[PDB]
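K.L.:
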Amino acid sequence: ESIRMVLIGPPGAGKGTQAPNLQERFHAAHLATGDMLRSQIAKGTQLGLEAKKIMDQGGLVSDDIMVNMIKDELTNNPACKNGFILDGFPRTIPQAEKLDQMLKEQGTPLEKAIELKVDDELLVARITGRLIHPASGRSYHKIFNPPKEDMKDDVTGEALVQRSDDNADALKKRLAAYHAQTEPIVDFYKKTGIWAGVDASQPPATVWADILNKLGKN
Ligand SMILES: Nc1ncnc2c1ncn2[C@@H]1O[C@H](COP(=O)(O)OP(=O)(O)OP(=O)(O)OP(=O)(O)OP(=O)(O)OC[C@H]2O[C@@H](n3cnc4c(N)ncnc43)[C@H](O)[C@@H]2O)[C@@H](O)[C@H]1O
Ligand SMILES: [Mg+2]
């Protein structure tokens, strides 16, 4: 129950769905930069308000902002001493290089980078059917993964919402940004030898068993 890892995948691939599994199993901290940004928006902070406009256009928030955010969480979040699951970070080559240097100075290098590979065609249905519980970050899908109490988060009973960047127009922008900016990082980790690919087109429990097999832990 110590892992230091990155989850990489296109929008809707399943990072947020699998992260709880990894978190349970390894008692690692789940560091999800999308959720962090959405917290900023919810607190109504100036960073949150300017990030929202970029997020809804399917753009990427500045590397400087994102690196600083993660630097602080690694440094002064106690939970990141067990290990951590990075979800949505790094998202660009500069973020990947700077993370590399941060973890070198701390002497705690990444063990695995798991790519959740899934064709883009499948991603539209996942995005447009998604409901989230804003408070926990938990995602459901109207077709593929329903709440038992529909439109209600099961674990709190609290209402589910749609994400404001979860539409086909923004998603086209999101997918392009992923192929242009994020997908090069997979090669970076291939060169460092910590990459493993997973078939994220399978259903959740099957992807999870695939991830466990690929972490060398099952
Ligand atoms: N480091 C950074 N640098 C720059 N900018 C940054 C940044 N970090 C964040 N940002 C910014 O913030 C924005 C949002 O970031 P973020 O929120 O991190 O978005 P993302 O990377 O686009 O990912 P998603 O959350 O959409 O996908 P997911 O894979 O986690 O999906 P889920 O598991 O819910 O699953 C999707 C849906 O399908 C479902 N599902 C999951 N798995 C399966 C399966 N196997 N089969 C069927 N249904 C499934 C779910 O139930 C759900 O309905 C960015 O676009 C950018 O603006
Ligand atoms: Mg997510």
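What the sequence shown shows, in PDB author numbering, is residues 3 to 220, in sequence order.
All C-beta atoms in this analysis are idealised placements derived from N, C-alpha and C, irrespective of residue type, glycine included.
Should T130 and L173 be called a contact, given that it needs their Cβ atoms to be closer than 9 Å?
P.N.:
As a first step, residue 130 must be located in the sequence shown, where it is residue number 128. As a first step, residue 173 must be located in the sequence shown, where it is residue number 171. It is a contact, given that the beta carbons lie within the stated cut-off.
K.L.:
Does the distance between the C-beta of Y142 and the nearest non-hydrogen atom of ligand 1 fall short of 8 Å?
P.N.:
Within the sequence shown, numbered from 1, the residue matching residue 142 stands at position 140. For ligand 1, at least one heavy atom lies less than 8 Å from the Cβ of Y142.
K.L.:
Is it buried or exposed for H135, if we count other Cβ within 10 angstroms and need 16 for buried?
P.N.:
Here the question's residue 135 lines up with position 133 in the sequence shown. By the 10 Å Cβ count, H135 comes out buried.
K.L.:
Would you call the stretch 36-51 and the stretch 143-150 touching, i.e. three or more CB-CB distances under 8 Å?
P.N.:
Taking 8 Å as the limit for Cβ pairs, the verdict is that the stretch 143-150 does not touch the stretch 36-51.
K.L.:
Which residues in the same chain have their Cβ closer than 6 Å to the Cβ of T184, if we skip the five residues on either side of it in sequence?
P.N.:
Indexing the sequence shown from 1 puts residue 184 at position 182. Here the set comprises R93.
K.L.:
Count the other CB atoms within 10 Å of the CB of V157; is the residue buried (16 or more) or exposed (fewer)?
P.N.:
Here residue 157 corresponds to residue number 155 of the sequence shown, with the count starting at 1. When all chains shown are included, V157 counts as exposed.
K.L.:
Got a sec: does ligand 1 put a non-hydrogen atom nearer than 8 Å to the Cβ of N215?
P.N.:
If you number the sequence shown from 1, residue 215 lands on position 213. No, ligand 1 has no heavy atom inside 8 Å of this Cβ.
K.L.:
So is the beta-carbon of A34 under 8 Å away from any non-hydrogen atom of ligand 2?
P.N.:
In the sequence shown, the residue the question calls residue 34 occupies position 32. Correct: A34 has its Cβ closer than 8 Å to ligand 2.
K.L.:
Find the nearest neighbour of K17 within the set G36, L51, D74 and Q48, judged by alpha-carbon distance.
P.N.:
For the purposes of this step, residue 17 is taken as the residue at position 15 of the sequence shown. Comparing Cα-Cα distances from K17 to each of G36, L51, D74 and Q48, the minimum goes to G36.
K.L.:
Tell me the DSSP secondary structure of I95 in three-state form.
P.N.:
Taking the first residue of the sequence shown as 1, we reach residue 95 at position 93. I95 falls in the helix class under three-state DSSP.
K.L.:
Let me make sure I understand the geometry here. Which of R140, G199, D122 and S141 has the alpha-carbon closest to that of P12?
P.N.:
For the purposes of this step, residue 12 is identified with residue 10 of the sequence shown, where counting begins at 1. Taking only the C-alpha atoms, the option nearest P12 is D122.
K.L.:
Does the Cβ-Cβ distance between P96 and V69 come in under 9 Å?
P.N.:
To locate residue 96, count along the sequence shown from 1; it is residue 94. To locate residue 69, count along the sequence shown from 1; it is residue 67. The answer is yes: Cβ separation under 9 Å.
K.L.:
I'd like to know whether the C-beta atoms of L125 and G199 end up nearer to each other than 9 Å.
P.N.:
Your numbering for residue 125 matches position 123 in the sequence shown. Your numbering for residue 199 matches position 197 in the sequence shown. In this structure, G199 does not lie closer than 9 Å to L125 by Cβ.
K.L.:
Any heavy atom of ligand 4 inside 8 Å of the beta-carbon of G195?
P.N.:
The model on display carries ligand 1 and ligand 2 but not ligand 4.
K.L.:
Could you tell me how far apart the beta carbons of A115 and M7 are, in whole angstroms, since I believe they sit closer than 8 Å?
P.N.:
On the sequence shown, position 113 is the one that residue 115 refers to. On the sequence shown, position 5 is the one that residue 7 refers to. Yes, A115 and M7 are in contact; Cβ-Cβ is about 7 Å, under 8 Å.
K.L.:
Any idea what DSSP makes of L162, helix, strand or coil?
P.N.:
Indexing the sequence shown from 1 puts residue 162 at position 160. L162: coil per DSSP, three-state reduction.
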